[PDB]
Amino acid sequence: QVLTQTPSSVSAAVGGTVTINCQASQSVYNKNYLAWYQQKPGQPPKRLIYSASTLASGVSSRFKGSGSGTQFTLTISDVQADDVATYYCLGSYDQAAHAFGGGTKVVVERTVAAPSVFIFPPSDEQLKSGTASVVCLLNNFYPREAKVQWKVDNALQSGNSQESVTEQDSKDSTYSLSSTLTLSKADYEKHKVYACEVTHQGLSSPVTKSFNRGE
Amino acid sequence: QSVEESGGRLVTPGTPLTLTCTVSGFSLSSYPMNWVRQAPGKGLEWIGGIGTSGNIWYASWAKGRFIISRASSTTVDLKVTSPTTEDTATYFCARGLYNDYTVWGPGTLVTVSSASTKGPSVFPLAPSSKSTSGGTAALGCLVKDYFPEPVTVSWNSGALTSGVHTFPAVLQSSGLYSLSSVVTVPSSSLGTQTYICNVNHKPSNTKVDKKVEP
Amino acid sequence: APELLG
């Protein structure tokens, strides 16, 4: 079985409604062998609906299943900030072999928020081991798209930085990002100024947080 | 009624791996058992499952790569004969999959890599009185160079949860993981309140409590 | 074959 969910992502404000689609290649068993699962980050999948429309035990009535045969839909009324998750449909043609859809990510909408930028020098304890990790935090912003550029004495850094963004917050519906600039002890103490330029929608100009080595 | 997976570990590519599903509170013979997996940041995939009679089914791609059977009166196994890097995933076992009698296990993490297990180094991301965004200080810990996943990080033995952000780990070019955990706290309490991050990497038995101060 | 697995 091949089930396809389109689109891959759907959005709503805290309180709105989203529609998650699921098309099968051919008709599922008895025209209604289709279940919906919810997976929040870290947790195992939570079964919400089965038999196309039947709510699972204890699941809210906000989740509505509808469809038959090949086309199906998961509607989520009154979206909570807590609904940030990936939803998968589950289908079968002969009731034995199952298949999950690609998943649909649920983005909770909110007003734009510029990131709070913080820069962190490498600890003297790390420098003892012979490496220098310079971290730059962008805290609680929306939407997700953000850009970080490192500069060491006005020299653009490239290839030596990795970043990580958290999932959409379950309460404030913001994102956060941490960029790590990794140098050797040799290269770190040959320069002075370490800057972190942040570009974001909520910002009018690219804000820079920086520090001087040995100060 | 509950299930649990066992056997999740670091395996080298090509070496046979066997995962086990132990059940409790119900007969293994009464309900059908399924195996599902999930690569990091990817979607759920049904591998296969066994019915009440004993017959076994697999997904189209999983034919040959996976072998499922009952190994005990209380167990169901999943042997991957020649593991590859593509098989790195959290493997789930579940009673059923569809009906209301469905119960999943917590999942077991398989890392297919030829790399060795390694403990993290914990460093502080120290704050300052003069780099604070509007009466709000940010502090944290950098958990660097460990393998494999996962590591857990709490603050103040779980007593600090508000404003804490534990970032997803990044796989470095060295093949080692590295993550940070940050927390925004009152700036006036930087001198009066203590902030400790609790790092635990169970694959290496590394438990570290790190105080972060300005 | 086949039979209910879910």
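Protein chains in written order, with the authors' numbering: chain L, 1 to 215; chain H, 1 to 214; chain M, 231 to 236.
Note that CB positions come from ideal geometry on N, CA and C, so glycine has one too.
Keeping to the same chain, check which residues put their C-beta closer than 6 Å to that of residue i; ignore five residues upstream and five downstream.
| i | result |
| --- | --- |
| residue 120 of chain L | 135 |
| residue 69 of chain L | 27, 31 |
| residue 77 of chain L | 17, 62 |
| residue 100 of chain L | 88, 90 |
| residue 185 of chain H | 137 |
Specify the secondary structure class of residue i as computed by DSSP and reduced to three states.
| i | result |
| --- | --- |
| residue 214 of chain L | coil |
| residue 166 of chain H | strand |
| residue 156 of chain H | helix |
| residue 109 of chain H | strand |
| residue 29 of chain L | helix |
| residue 174 of chain L | coil |
| residue 125 of chain L | helix |
| residue 13 of chain L | strand |
| residue 187 of chain H | helix |
| residue 101 of chain H | coil |
| residue 86 of chain H | helix |
| residue 81 of chain L | helix |
| residue 190 of chain L | coil |
| residue 130 of chain H | coil |
| residue 185 of chain L | helix |
| residue 216 of chain L | With chain L represented from 1 up to 215, any question about residue 216 of chain L goes unanswered, as that position is not in the structure. |
In chain order, what residues of the same chain lie with their CB nearer than 8 Å to the CB of residue i, ignoring the 5 residues before and after it?
| i | result |
| --- | --- |
| residue 102 of chain H | 94, 95, 96 |
| residue 16 of chain H | 79, 80, 81, 82, 83 |
| residue 128 of chain H | 137, 214 |
| residue 140 of chain H | 124, 125, 180, 181, 182, 183, 197, 212 |
What's the gap between the Cα of residue i and the Cα of residue j?
| i | j | result |
| --- | --- | --- |
| residue 137 of chain H | residue 193 of chain H | 12 Å |
| residue 82 of chain H | residue 62 of chain L | 44 Å |
| residue 125 of chain H | residue 14 of chain H | 40 Å |
| residue 53 of chain H | residue 99 of chain H | 18 Å |
| residue 96 of chain L | residue 89 of chain L | 16 Å |
| residue 24 of chain L | residue 117 of chain H | 42 Å |
| residue 21 of chain L | residue 126 of chain L | 49 Å |
| residue 145 of chain H | residue 168 of chain H | 14 Å |
| residue 217 of chain L | residue 74 of chain L | What is shown of chain L runs 1 to 215, which leaves residue 217 of chain L out entirely. |
| residue 49 of chain L | residue 236 of chain M | 13 Å |
| residue 28 of chain H | residue 2 of chain L | 29 Å |
| residue 181 of chain L | residue 133 of chain L | 6 Å |
| residue 144 of chain L | residue 191 of chain L | 32 Å |
| residue 34 of chain H | residue 151 of chain L | 51 Å |
| residue 91 of chain H | residue 110 of chain H | 7 Å |
| residue 172 of chain H | residue 104 of chain L | 29 Å |
| residue 13 of chain L | residue 231 of chain M | 47 Å |
| residue 8 of chain H | residue 123 of chain L | 35 Å |
| residue 142 of chain L | residue 134 of chain H | 19 Å |
| residue 174 of chain L | residue 186 of chain L | 38 Å |
Does residue i pass the burial test, meaning 16 or more other C-beta atoms within 10 Å, or should it be called exposed?
| i | result |
| --- | --- |
| residue 35 of chain L | buried |
| residue 5 of chain H | buried |
| residue 89 of chain H | buried |
| residue 98 of chain L | buried |
| residue 71 of chain L | exposed |
| residue 146 of chain L | buried |
| residue 106 of chain H | exposed |
| residue 104 of chain H | buried |
| residue 64 of chain H | exposed |
| residue 153 of chain L | exposed |
| residue 92 of chain L | buried |
| residue 65 of chain L | buried |
| residue 1 of chain H | exposed |
| residue 52 of chain L | buried |
| residue 184 of chain L | exposed |
| residue 56 of chain L | buried |
Considering only residues of the same chain and omitting the five flanking positions on each side of residue i, which have a CB-CB separation below 7 Å?
| i | result |
| --- | --- |
| residue 112 of chain H | 11, 13, 83, 84, 85, 87, 88 |
| residue 210 of chain L | 119, 193, 194, 195, 196 |
| residue 94 of chain L | 29 |
| residue 115 of chain H | 147, 175 |
| residue 206 of chain L | 197, 198, 199 |
| residue 120 of chain H | 143, 144, 145, 146, 151, 199, 201, 206 |
Can you pull the chain C residues whose beta carbon is under 7 Å from the beta carbon of residue i, in chain order?
| i | result |
| --- | --- |
| residue 48 of chain L | Annotation note: the requested chain C is absent from the structure, which comprises protein chains L, H and M. |
Stretch-stretch touch, CB-based, cutoff 8 Å, three pairs: the region 192-200 of chain L with the region 41-55 of chain H: no
Touching by the beta-carbon criterion (3+ pairs, under 8 Å), the region 66-74 of chain H and the region 101-121 of chain L: no
Count the C-beta pairs between the region 70-88 of chain L and the region 33-47 of chain L that are closer than 8 Å, then say yes if the count reaches three, no if not. yes
Assess, as a yes-or-no matter, whether the region 138-157 of chain H is touched by the region 156-168 of chain L under the definition of 3 or more beta carbon pairs within less than 8 Å. Output reads no: the region 138-157 of chain H does not touch the region 156-168 of chain L.
Can we say the region 18-38 of chain H touches the region 188-208 of chain H, given the rule of at least three CB pairs closer than 8 Å? no
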